[PDB]
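Worksheet: the structure to be examined is printed underneath.
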Amino acid sequence: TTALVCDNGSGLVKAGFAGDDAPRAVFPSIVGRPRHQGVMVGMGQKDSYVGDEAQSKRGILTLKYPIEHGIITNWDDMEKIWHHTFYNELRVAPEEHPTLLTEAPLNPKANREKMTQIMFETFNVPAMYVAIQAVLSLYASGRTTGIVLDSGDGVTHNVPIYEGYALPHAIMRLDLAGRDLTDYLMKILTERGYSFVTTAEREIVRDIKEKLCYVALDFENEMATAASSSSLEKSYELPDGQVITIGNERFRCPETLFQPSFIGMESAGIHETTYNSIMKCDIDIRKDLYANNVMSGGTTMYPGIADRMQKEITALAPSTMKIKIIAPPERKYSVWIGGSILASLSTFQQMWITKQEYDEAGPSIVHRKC
Amino acid sequence: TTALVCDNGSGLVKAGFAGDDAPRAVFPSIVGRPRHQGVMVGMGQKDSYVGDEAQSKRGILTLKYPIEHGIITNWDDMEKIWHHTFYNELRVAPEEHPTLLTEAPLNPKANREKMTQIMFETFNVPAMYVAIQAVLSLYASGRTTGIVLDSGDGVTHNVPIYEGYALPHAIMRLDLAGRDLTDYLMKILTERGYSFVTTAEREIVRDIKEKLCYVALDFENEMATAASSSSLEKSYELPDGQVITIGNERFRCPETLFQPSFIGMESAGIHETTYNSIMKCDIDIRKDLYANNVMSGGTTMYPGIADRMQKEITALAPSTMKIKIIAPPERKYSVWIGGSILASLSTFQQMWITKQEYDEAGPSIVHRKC
Amino acid sequence: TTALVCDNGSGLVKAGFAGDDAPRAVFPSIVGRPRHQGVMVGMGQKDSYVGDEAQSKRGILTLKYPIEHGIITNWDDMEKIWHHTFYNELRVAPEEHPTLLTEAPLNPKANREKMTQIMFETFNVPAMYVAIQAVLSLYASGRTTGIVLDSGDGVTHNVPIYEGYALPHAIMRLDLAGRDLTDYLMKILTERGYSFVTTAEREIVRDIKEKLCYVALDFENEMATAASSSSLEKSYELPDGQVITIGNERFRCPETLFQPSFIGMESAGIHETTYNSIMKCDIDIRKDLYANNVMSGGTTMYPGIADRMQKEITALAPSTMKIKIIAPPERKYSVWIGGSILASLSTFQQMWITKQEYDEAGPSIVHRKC
Amino acid sequence: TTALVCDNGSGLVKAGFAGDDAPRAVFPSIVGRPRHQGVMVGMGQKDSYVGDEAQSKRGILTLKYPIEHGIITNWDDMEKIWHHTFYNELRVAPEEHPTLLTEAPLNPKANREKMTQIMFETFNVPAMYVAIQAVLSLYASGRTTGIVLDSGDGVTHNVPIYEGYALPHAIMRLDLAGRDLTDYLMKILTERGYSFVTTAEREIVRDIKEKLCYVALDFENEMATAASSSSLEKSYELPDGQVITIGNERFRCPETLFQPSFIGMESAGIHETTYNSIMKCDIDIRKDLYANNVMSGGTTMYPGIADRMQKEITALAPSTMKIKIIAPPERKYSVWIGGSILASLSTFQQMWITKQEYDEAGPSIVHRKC
Amino acid sequence: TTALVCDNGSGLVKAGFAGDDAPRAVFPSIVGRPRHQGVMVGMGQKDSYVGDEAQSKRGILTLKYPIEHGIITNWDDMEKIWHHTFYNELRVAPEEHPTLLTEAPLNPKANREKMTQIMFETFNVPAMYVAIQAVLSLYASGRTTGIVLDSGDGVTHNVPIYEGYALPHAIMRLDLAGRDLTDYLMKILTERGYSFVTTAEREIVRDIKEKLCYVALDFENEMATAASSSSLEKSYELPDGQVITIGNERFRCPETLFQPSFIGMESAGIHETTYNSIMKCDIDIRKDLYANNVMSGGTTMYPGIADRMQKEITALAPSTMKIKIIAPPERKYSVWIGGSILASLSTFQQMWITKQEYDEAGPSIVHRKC
Amino acid sequence: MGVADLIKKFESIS
Amino acid sequence: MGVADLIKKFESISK
Amino acid sequence: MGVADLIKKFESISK
Ligand SMILES: Nc1ncnc2c1ncn2[C@@H]1O[C@H](COP(=O)(O)OP(=O)(O)O)[C@@H](O)[C@H]1O
Ligand SMILES: Nc1ncnc2c1ncn2[C@@H]1O[C@H](COP(=O)(O)OP(=O)(O)O)[C@@H](O)[C@H]1O
Ligand SMILES: Nc1ncnc2c1ncn2[C@@H]1O[C@H](COP(=O)(O)OP(=O)(O)O)[C@@H](O)[C@H]1O
Ligand SMILES: Nc1ncnc2c1ncn2[C@@H]1O[C@H](COP(=O)(O)OP(=O)(O)O)[C@@H](O)[C@H]1O
Ligand SMILES: Nc1ncnc2c1ncn2[C@@H]1O[C@H](COP(=O)(O)OP(=O)(O)O)[C@@H](O)[C@H]1O
Ligand SMILES: [Mg+2]
Ligand SMILES: [Mg+2]
Ligand SMILES: [Mg+2]
Ligand SMILES: [Mg+2]
Ligand SMILES: [Mg+2]
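Chains as they are written, first to last, in the entry's author numbering: chain I, 1489 to 1858; chain E, 745 to 1114; chain G, 1117 to 1486; chain C, 373 to 742; chain A, 1 to 370; chain L, 1 to 14; chain N, 1 to 15; chain M, 1 to 15.
In structure tokens:
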């Protein structure tokens, strides 16, 4: 029997077998509910469609994400996802294999315990473990020294790790990741004369964001350029057949990451926290810590962002110090790539939490195993 | 076979083979204790590092010196240092060579005992000896007449020696040595705005004092010079990147050695004890004893210190008598240069404490043979 | 005319006339800057609010403290605060009253100068003065022998005083205070499932730590109690209307004072310094010094702190010696209480720095009147 | 108008009215000098205290003994002491009283002269007289045939006296009194682990060596006795709280008197001079003088010396003469008890130096009244 | 094979070949043994230096003469002396030469006997002979009628001799020579402020006296002169660097020989013995003997006595008989000059004591032959 | 517990 | 790359 | 400077 790992981010929950170098299944973690009056005995009318299957049929149902900002709001719906995960995408037996889960740092303690209790009293898996997403991401790059920066489906956390030891007093969370950009991108497009309200539009906007948005290497120039006559415009065609052109408001979307004031949040952009994080650490560390900025997650897949970070950090760091940004193009699963490693590794095999300990300690055991 | 000399100073331990002219290994005698809770299961983090290696990674450690003011407080880690200076630094078993140790004058009796006992029974060394950290230094300059002043990072002690005979009723002492300067230079730095609190930082200051300070040939005169703007500003570079500019407080740290009125202590500085020690000797000695002030120890490497001393003695000693401060250039290792001779010396080979004579007397025997 | 005393600390600037026993004004030293776009031309949304009235309208501005850890960071905003004091809370001509200021020990001298300078060449006060933000506190309790511990929101510094004479070589100082505790009580709050990120929210947390926290007379014992079922839960109500229940983490916030490891800082708790400061003094001092620990500062208002501090000392002070914490009920204003008594004195009014003296020797004068 | 006797002993002064059989006030002759900066305006601090009051504030002061080895080397200070004796210790204007002073034999002439010249001019006393600090000791015990042996914090000397006739060619002297015993003890006290450097502590060792030392009835046996553990280990409680255990070194320090080889001094100990001094007298006296030794002074209050002499001399003198060591249990004031009885004597009111006589002769007149 | 003449004067032993007219080697007959511990392994410190070598390293040893008042107290050291002058300072085996020794008159027979025995049974010389320290001095001055007076460090004895005929019933003696003058001077010297105790200093005085003292010509007139300051105050410089000013006490240290009442001796000054010892002779001689007073020895080299004798004597003897003092300016060796003469006189060549004779009579034979 | 005007000049310096 | 490769990169440095 | 004659074999001072 092998180990399982499902890095269930708030968006496309990835999952696969340990030791593999690529996740098995990937699918939007959504739960669909039919709303309109359905009168036809012929259709195989179910009551709740999940996964991309539900995604394949938007306009008839509704969409409800079960995960909002790194926490699990509603449980029973989420429960379907894991259940649909094992028996359709994998067809494997949960109790037949130990599993590994992921989560963002500084999460509400109430989330952890329920995530374990359910993982045992409804699947009876041998041993389950919960890792801190950032830590695994480092395992992917094979390093042992860097400051992770993960962001996707809405969470954003920098986690410095010097060598083996992680510095818990310097990890910053942020509710300013991909989800809100999408929501913002829905607002700004209203200016041009388009309308998107129902959840079925959100999927469209999401896909539009994924391919026509890029991070400006400098902002005002792009504004000044695209405002005057230029070719920034790009034509996109909706799945109905209509066509739209987002001339200027294609780099104003990701720019929010570097100017939260676009939504009003008082916090500062990632190009300001990542620095404002490092300075929380000691002095003998910042040398190489300045030189390992492994990114990860979906939101770090924008074209221009691989450099705007490098230019920014330079602006607010001691000039004579060197900066190197690590950006593996296969980052879209880094959070899960490491997951295999942190479970296939030999010495780790003892870190688990077998059912036995859970029986004699209840859900409260995980507080000393993270 | 041959013999081993390991001057067990309070700062940088020094060890080497008897008979050579330079010690093999030198490294800050510190013991590391990782404190930040570490989460990286793959990496083989050692329990407690010790040595220059533990000096390299100052980030995640708690540098706890095991030698305070020439005495030993924490035995275990101290033992670990010996266990590290023998195997990893020299790759020579201890029981294959008789060994020599060093130790300051006027130290608690219990220190000598619990040094030999550990030296013999735990390492099964053939024979061991412990001499004064002053008499050794005299053999460096070869002279058999002078007054040492060896004071390296923890103690300060003049020991007059006229003609191969000591004068135990004149040995002074002082807890105003190198280490305490680092503490003072740290406080006086707050004046400018910088601030170092964690011992990892306290280590850095030593990497400034020892390469940016100089003894004012005339304090009150020079201090008024740099009051108005001049070229006394230097600019050191931290291992982070932000530079500091110690304008005046670079010749106000070492001045302490000649004015303990800064740290509040009462006994006057060495520019007075040295004269105030000599006078305790007889009259007919002071003629040539005034002429050989062999210095030693790390704290005698300051540029100016070899001159303000001479300019002070004649300022309160009888004028018609001549003073000659013999300051060798590589005094930083003088203590070890001595032992490296006294052990290889022929006649002395009779004075060792053999395991034979110890095993019937116990560690209580060191008191007579030293 | 009378003399003015304003002990502008890090949180609530206190100011009042001499001779009185309660300051006239007390208000959080914050500088409001509106951020959101405001669209109403009639209403006068001014340029920058300041003071409690600025504190009243949180959700619209950027609460940016001008003072961080004793030192002054930004001047103009600070300059507004003084200017808001003299004309709105007191409405008194600054140039027609001698004034006295306070400031913690061991601060960058550049701060002092640019303080007294602005005090003259922008207000033309007859004569100003600074003083040790701890000595005044001793004047309050009337004693002339003791060790202060004033630790209000910016610093934590012990300044032993035996008989009218200070001991500048044994005056510790710790950069850890409520302003930093608030952040910790903000992080640990996320454990439950709440969230506060914007500064406006941050000010709320400070309002919770005040009226809900208490110091465990024993940590491990008490923490084990509230771990199981117990009534340590409380219920505060945010100005929105909802309610939170900080069950266990109501005594984990102030505990940081006695275990800075909770936020990583290498230095030890105040129960260590207060002891590890005394020992730096002479031997004939420690007897009565062990008996007068005058406290001060807001961060010493926690209920169960007046006993944890006593018990801890007795745990490492010699048994046959007696300790006695002196904690007056109106410690929250102890500093300003003292400073009033200072200028009230007759023997003291000679110590001021007359305007012509400054005009004679510039601002560098104050470096000889501390 | 009664006479006044104030022995100016080299340690603690002793003063009191003539005739009465007990000194009025005793207090260690020291001079206070504040060394730490003073910041407390309203404090009633003086510039220099003197007397047992200045003994109580050992912490902040600095004790400069004005007398050294029976000579005066700090006049201005000494001047205060007499002044502090007459006014603020007895409240008697000296004009209304003729005074009597004491001083050790073989004292530097330049001292005795200046003593009078001050005692007359700056005090306007009717008559002054200086005696020998040993002859007075005889007239205390009434017996007019003995060999005094003064000691105690300064000089140590014997003055044979057969029948009111001195023997100036047999007076000895020695700089080996309690001052160095208080000093030598603080040297070997380091051997155990303790340490004392600041002169504030040097007045504590005296408080140990007063009530914890005893002179061995036989040296070598006692060493091997207390070498193996026994009931010699005592304890003492510092005025701070930490206690020490001087096991062996409580009968080694007080035994320097009988073996000055411990502090290098060459002249043999008092157990030899007192015999060697006698042999310098005529033959027809010894056969009687041996029977009358009269110890006196602060040094001879040990449970030892008061006896071991009677054992030691017998090993030198011929075994037929009779040895008797008179040793009254109030000798600690004997030097002043006698000086009292001499001024109240009737046949003595002529030998005084009338203020008249000093006029037409100057201070040089003292050299004919000794 | 020439003869050997080594006068064992109680101070500087003078030794040299017979027949010549100058002593080969002179050196203070001292024996020193180290008193301080020795920490120098390689440095080959001998056990007991002897001779001016032992005089050179004056500050570590303890000079200890073997001769007092013309007698021998310790022998082993004395054995070293002769052993040193034969082998080291002259490099001449003894048995190759007859030998001649000197000795003051009236010395305990036990001293003289042992001298021969050691001179025979340890050196195996051909013939030894002891003379009288006066008749040798006479032969030096060539006269055969005079009254010698030798005094150096010990004896002081007149020996009237008319014509080769001694007068055993007039040989006076006095233990009042340079030794006590050197000793007394270091007693009076205290009165000025200086002090010298250890036998190391006791050589310094012997130097200062040697070249800074002179016998007065009219005592009181000198006293009243040097009292009111004049050019009497000289200044010598110790071998350390300071300087002392013996103003008046430079003509008292020599003024003892004419007034033993300064050290309370029974006898009278030599200005009276030389008159008395003449009167004890017959009456048909004095009328001549008054004209031949050969002087000799060390203590006859003051710029005084050489002419004060010619004054004092005439104040006793009848006027018409005329005084004549002989004082050749090389007398400081005359005792040995004569000793050289008596060795060469062919007449004397049989008065020896042959090694043969000593065998059949033992040491007792030396009495009849001398 | 304390007062507004604890003894002024308290140490009574002259 | 390839996780099957990086295991040894940590397995080896694990000791 | 670590030499034999009298620095490593302190000068032959037996006599
Ligand atoms: N081509 C793309 N360009 C930019 N952003 C993208 C692209 N594809 C996906 N994203 C964003 O990345 C997110 C997917 O991240 P994901 O890997 O699910 O995060 P996690 O690892 O936390 O599950 C989506 O929310 C989407 O907004
Ligand atoms: N290059 C340098 N310049 C000035 N000071 C130095 C230098 N190197 C070392 N020191 C001082 O000398 C000390 C080293 O002392 P050390 O010689 O190791 O004493 P010991 O020989 O007794 O161990 C350090 O604490 C440092 O303060
Ligand atoms: N009731 C309370 N309980 C606990 N802490 C309090 C309370 N009231 C105020 N404080 C603390 O006091 C601090 C204010 O200190 P302050 O008096 O301004 O010191 P300073 O004047 O030296 O800046 C705030 O940070 C707050 O945390
Ligand atoms: N109770 C005691 N026990 C032992 N020694 C004492 C005691 N009291 C005083 N002394 C010694 O006696 C000394 C005081 O002698 P002191 O009377 O001053 O001699 P003098 O009168 O000649 O100056 C002190 O230095 C101390 O060492
Ligand atoms: N420069 C000098 N002037 C006068 N006396 C001296 C001088 N130098 C030495 N002496 C005295 O001479 C003495 C030596 O006399 P010495 O020849 O030894 O007599 P003797 O040989 O008969 O024993 C010494 O004690 C010393 O005091
Ligand atoms: Mg995501
Ligand atoms: Mg050392
Ligand atoms: Mg405050
Ligand atoms: Mg005395
Ligand atoms: Mg002679």
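Note that the Cβ used here is the ideal one computed from N, Cα and C, for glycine as well.
Would the C-beta of I:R1512 count as close to ligand 1, meaning under 8 Å from any of its heavy atoms? In the first sequence, counting from the first residue as 1, residue 1512 of chain I sits at position 24. No, since every heavy atom of ligand 1 falls outside the 8 Å radius drawn around the Cβ of I:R1512.
Return yes when the C-beta of E:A848 is under 8 Å from any heavy atom of ligand 7, and no when it is not. The residue given as residue 848 of chain E occupies position 104 in the second sequence. Indeed, a heavy atom of ligand 7 lies less than 8 Å from the Cβ.
Give a yes or no on whether the minimum CB-CB distance between G:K1225 and chain E is below 9 Å. In the third sequence, counting from the first residue as 1, residue 1225 of chain G sits at position 109. Interface residue (Cβ-Cβ distance to chain E less than 9 Å): G:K1225 is classified as such.
So within the region 1434-1479 of chain G, which uninterrupted beta strand (DSSP E) runs reach at least 3 residues, ignoring any that extend past its ends? Complete beta strand (DSSP E) runs here, min 3: none at all.
Would you list the one or two residues that DSSP bridges to I:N1562? Along the first sequence, one-based indexing puts residue 1562 of chain I at 74. For I:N1562, DSSP records no beta bridge to any residue.
Of all the options E:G786, E:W826, E:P842, which has the alpha carbon lying nearest to the alpha carbon of E:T746? On the second sequence, residue 746 of chain E is found 2 positions in, with the first residue counted as 1. That would be E:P842, whose Cα lies nearest to the Cα of E:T746.
Taking the beta strand (DSSP E) that I:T1590 belongs to, which residues open and close that run? Here residue 1590 of chain I is taken as the residue at index 102 of the first sequence, counted from 1. Start and end: 1587-1591.
Rounded distance between the beta-carbons of I:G1558 and I:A1592, thought under 8 Å: Within the first sequence, residue 1592 of chain I is the residue found at index 104, counting from 1. Within the first sequence, residue 1558 of chain I is the residue found at index 70, counting from 1. Going by Cβ atoms, the distance from I:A1592 to I:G1558 rounds to 4 Å, so yes, they are a contact pair.
Please identify, using Cβ separations under 7 Å, the residues of the region 1262-1280 of chain G that lie next to chain L, in order along the chain. Hits within the stretch: zero.
With distance defined between alpha-carbon atoms, name the residue in C:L610, C:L688, C:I439 nearest to C:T646. Residue mapping note: residue 646 of chain C aligns to position 274 of the fourth sequence, counting from 1. Closest option to C:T646, judged by alpha-carbon separation, among C:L610, C:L688, C:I439: C:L688.
Out of curiosity, what's the CA-to-CA distance linking I:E1710 and I:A1704? For the purposes of this step, residue 1710 of chain I is identified with residue 222 of the first sequence, where counting begins at 1. For the purposes of this step, residue 1704 of chain I is identified with residue 216 of the first sequence, where counting begins at 1. Pairing I:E1710 with I:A1704, the inter-Cα distance amounts to about 7 Å.
Which runs of the alpha helix (DSSP H) at least 4 residues long sit entirely within the region 203-284 of chain A? Give them in chain order. Correct list: 219-227, 270-279.
Any chance the region 1131-1144 of chain G sits against the region 1452-1467 of chain G, with 3 or more Cβ pairs inside 8 Å? A contact between stretches requires three or more CB pairs, one per stretch, nearer than 8 Å, and the region 1131-1144 of chain G meets this requirement with the region 1452-1467 of chain G.
By the three-class DSSP mapping on this structure, what secondary structure does A:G142 have? The residue you call residue 142 of chain A lines up with position 142 of the fifth sequence. Look at A:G142 here: in three-state DSSP terms it is coil, with no helix or strand label.
Tell me which residue opens and which closes the alpha helix (DSSP H) that E:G922 is part of. On the second sequence, position 178 is the one that residue 922 of chain E refers to. Residue range 922-934 is occupied by the alpha helix (DSSP H) that includes E:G922.
Report yes if the CB atom of G:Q1375 is closer than 9 Å to the CB atom of G:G1363, and no otherwise. The count along the third sequence starts at 1 and reaches residue 1375 of chain G at position 259. The count along the third sequence starts at 1 and reaches residue 1363 of chain G at position 247. Cβ distance not < 9 Å, so G:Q1375 and G:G1363 don't count as in contact.
Let me make sure I understand the geometry here. Which of E:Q986, E:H913, E:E907, E:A798 has the alpha-carbon closest to that of E:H901? In the second sequence, residue 901 of chain E corresponds to position 157, counting from 1. Restricting attention to E:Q986, E:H913, E:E907, E:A798, the CA atom closest to the CA of E:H901 is found in E:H913.
Rounded C-beta distance between G:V1321 and G:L1301? I'm assuming under 8 Å. Taking the third sequence and counting its residues from 1, one reaches residue 1321 of chain G at position 205. Taking the third sequence and counting its residues from 1, one reaches residue 1301 of chain G at position 185. The beta carbons of G:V1321 and G:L1301 sit about 6 Å from each other, so the pair counts as a contact at 8 Å.
Taking 8 Å as the cut-off, is the CB of E:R923 close to at least one heavy atom of ligand 2? Along the second sequence, read from residue 1 onward, the residue named residue 923 of chain E stands at position 179. Checking the Cβ of E:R923 against ligand 2 gives yes.
Partner residues on chain M for A:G42, Cβ-Cβ distance less than 7 Å: Taking the first residue of the fifth sequence as 1, we reach residue 42 of chain A at position 42. Think of a sphere of 7 Å around the beta carbon of A:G42: the chain M residues whose beta carbon falls inside it are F10, in chain order.
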